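We use all heavy atoms of the structure for the numbers below, so side chains are in, but hydrogens, waters and symmetry mates are not. One-based numbering along the sequence shown.
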Amino acid sequence: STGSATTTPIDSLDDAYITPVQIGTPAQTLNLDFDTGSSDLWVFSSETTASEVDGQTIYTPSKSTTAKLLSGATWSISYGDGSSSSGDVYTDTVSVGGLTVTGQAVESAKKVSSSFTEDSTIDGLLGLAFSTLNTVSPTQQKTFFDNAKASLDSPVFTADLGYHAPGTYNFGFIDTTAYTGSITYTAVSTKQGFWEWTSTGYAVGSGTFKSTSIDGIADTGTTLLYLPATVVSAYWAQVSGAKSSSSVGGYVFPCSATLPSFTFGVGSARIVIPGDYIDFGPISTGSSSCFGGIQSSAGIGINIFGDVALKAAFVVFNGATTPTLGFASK
Ligand SMILES: NCc1ccc(C(F)(F)F)cc1
Ligand SMILES: NCc1ccc(C(F)(F)F)cc1
């Protein structure tokens, strides 16, 4: 079997991408944030504290003939940005673009942090990292991808994120019409539960490529590109007037500047991020200081190839017994 669904930016800055997901019988359609950096499928629901819901579509398990409460199971998650949520667990039927999984763990939020309440466009998250990171207790649960794997034509999914435009998540097949040239595959470490890999180096604009190993994770759930301080300093040094601002919390640059591209290595291949992808607009309405899309990972503890990098490529998440990541230009 296969599945295919369109994913759409939630705002004019590509801060996140939402994908419609059908849950329950009859179907309740929610717009979820597909997150390859986490492994919980959780949703706003009829159980969520009423004051913490502001425009989201909610899952109502009592209206689903296939929902079953998972007795005694709870979940609680904290994301690297300080966001968090928690609740109880149902199993139900979940379908993504024609691909159906029965008995999927659907984690119903009882409590969500402020950053989720204020994001009216995101009804929940669909985690696509490895199931070892799932937070359900006392019985860990599998991700949508792990549950679907056996029935997929090929144990893969692909992310084709658009720049200020819709894109596609495909399950079970690789669309050879969606990219140019060849796909370059690179090894993955699952030791931390992430799609963790090693980039072979970088270049700034038309400058010389620097061969150096950068270990990081492919994370559709993170907006920006977070890289070591040395690399990020080298990039912003090429932008006139750019500086790191402690009050703003990262590199900013004059909105009138043109940004250089950023190249990262995948084996012997190169992925080029156009400079326009790195502009995240004024730091406040009306400001002439703009926020940069490449920031330092120093405070994080891990390098993150977020949407800024992934949307420049066609990305294959190969969940074979030895997992790999594939990158192609598009
Ligand atoms: N997108 C989920 C996510 C968020 C943060 C992190 C961090 F901070 F631990 F790297 C990993 C994964
Ligand atoms: N990395 C997972 C994640 C995705 C989105 C959000 C937001 F935008 F809702 F805050 C938090 C955490």
Side-chain angles (χ1 to χ4, degrees), residues 1-7 17 19 21 32-42 77 91 93-107 125-136 139-141 143-148 150-161 167-176 178-179 182-190 192-199 215-222 266-267 269 271 302 304-307 309-311 313-328 330:
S1 66
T2 63
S4 185
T6 300
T7 191
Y17 296 81
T19 309
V21 177
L32 306 189
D33 184 355
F34 284 20
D35 181 10
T36 61
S38 70
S39 305
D40 285 49
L41 197 176
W42 75 258
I77 200 186
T91 64
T93 297
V94 173
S95 291
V96 173
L99 173 59
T100 299
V101 171
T102 66
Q104 170 70 42
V106 177
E107 310 173 23
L125 268 67
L126 194 138
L128 292 168
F130 293 94
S131 293
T132 58
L133 294 180
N134 177 266
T135 77
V136 174
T139 310
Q140 203 156 42
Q141 301 295 309
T143 70
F144 178 81
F145 182 50
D146 272 353
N147 284 329
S151 70
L152 290 178
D153 291 1
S154 203
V156 305
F157 68 93
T158 66
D160 182 7
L161 305 175
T168 306
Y169 278 105
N170 286 333
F171 290 86
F173 75 101
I174 296 167
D175 189 346
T176 59
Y179 59 87
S182 293
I183 306 180
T184 302
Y185 290 85
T186 194
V188 163
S189 167
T190 64
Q192 292 181 270
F194 297 122
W195 291 91
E196 190 176 0
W197 64 291
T198 305
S199 174
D215 162 74
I217 63 156
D219 186 3
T220 64
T222 290
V266 184
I271 299 296
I302 180 160
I304 304 174
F305 289 87
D307 295 337
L310 300 180
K311 77 174 120 171
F314 180 82
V315 188
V316 181
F317 294 79
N318 171 31
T321 51
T322 294
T324 63
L325 266 183
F327 287 88
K330 60 183 189 195

Open item on the list: Here's a test for you: under side-chain contact (heavy atoms from CB on, under 4.5 Å), which of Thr158, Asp160, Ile174 qualifies with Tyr179?
Closed with: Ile174
- [ ] Flag the pair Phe130 / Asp146 as yes when at least one side-chain heavy-atom distance between them is below 4.5 Å, and no otherwise.
- [x] no
Open item on the list: If I compare all heavy atoms of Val94 with all of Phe144, which pair ends up nearest, and what's the gap?
Closed with: O-CE1, 3.6 Å
TODO: Please say which of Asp35, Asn134, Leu126 ends up in a side-chain contact (heavy atoms from CB on, under 4.5 Å) with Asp40.
DONE: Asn134
Task: Taking every non-hydrogen atom, the tightest pair across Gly319 and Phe145 - done: CA-CE2, 4.0 Å
- [ ] Could you tell me whether the side chain of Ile271 reaches within less than 4.5 Å of the side chain of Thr184, counting heavy atoms only?
- [x] no
Open item on the list: Counting C-beta onward and ignoring hydrogens, is there a side-chain heavy-atom pair between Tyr17 and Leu161 closer than 4.5 Å?
Closed with: yes
- [ ] Give a yes or no answer on whether the side chain of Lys330 reaches the backbone of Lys311 with a donor-acceptor pair at less than 3.5 Å.
- [x] yes
Open item on the list: So, taking the atom named OG1 in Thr324 and the one named CZ in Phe317, what distance separates them when rounded to the nearest 0.5 Å?
Closed with: 11.0 Å
Open item on the list: How close do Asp219 and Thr222 get, counting heavy atoms only, and between which atoms?
Closed with: OD2-OG1, 2.6 Å
- [ ] For residues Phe171 and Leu128, determine if any side-chain heavy atom of one lies less than 4.5 Å from a side-chain heavy atom of the other.
- [x] yes
Task: Min side-chain heavy-atom separation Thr168-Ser4 under 4.5 Å - done: yes
TODO: Over all heavy atoms of both residues, which pair between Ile217 and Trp197 is shortest? Give the atoms and the distance, please.
DONE: C-NE1, 4.2 Å
- [ ] State whether a side-chain donor-acceptor pair under 3.5 Å links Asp153 with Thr2.
- [x] no
TODO: With rounding to the nearest 0.5 Å, note down the distance linking CG in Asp215 to CZ in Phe194.
DONE: 11.0 Å
Open item on the list: Is it true that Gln104 and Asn147 share a donor-acceptor pair across their side chains at a distance under 3.5 Å?
Closed with: yes
Open item on the list: Could you tell me if the side chain of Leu310 sits less than 4.5 Å from the side chain of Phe327, heavy atoms only?
Closed with: yes
Open item on the list: Is it the case that the side chain of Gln141 and the backbone of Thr139 share a donor-acceptor pair, with hydrogens and angles ignored and the cut-off at 3.5 Å?
Closed with: yes
Task: Check: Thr36 and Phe157 side chains under 4.5 Å, non-hydrogen atoms - done: yes
Open item on the list: For the backbone of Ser1 and the side chain of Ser151, can you confirm whether one donor and one acceptor N or O come within less than 3.5 Å of each other?
Closed with: no
Open item on the list: Checking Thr19 against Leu32 for the side chain to side chain contact (heavy atoms under 4.5 Å, CB included) test, could you report, in this order, the C-alpha distance in whole Å, the side-chain angles of both residues, the deciding distance, and whether it holds?
Closed with: CA-CA 5 Å; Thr19 309; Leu32 306 189; 5.9 Å; no
TODO: Heavy atoms only: give me the nearest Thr143-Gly127 pair and the separation to one decimal.
DONE: CB-O, 3.7 Å
Open item on the list: Looking at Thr132 and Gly193, would you say the former's side chain and the latter's main chain have a donor-acceptor pair under 3.5 Å?
Closed with: no
Open item on the list: Quick check for you: to the nearest 0.5 Å, what is the distance between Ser38 atom OG and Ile77 atom CD1?
Closed with: 5.0 Å
TODO: Please step through side chain to side chain contact (heavy atoms under 4.5 Å, CB included) for the pair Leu325 and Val315, ending with a clear verdict.
DONE: CA-CA 7 Å; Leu325 266 183; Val315 188; 4.1 Å; yes
Task: Nearest heavy-atom neighbours spanning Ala148 and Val101 - done: CB-CG2, 3.8 Å
- [ ] Find out whether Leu152 and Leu99 are in side-chain contact, i.e. whether some heavy atom of one side chain is under 4.5 Å from a heavy atom of the other.
- [x] yes
Task: Distance (rounded to the nearest 0.5 Å) between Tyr169 OH and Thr220 OG1 - done: 3.5 Å
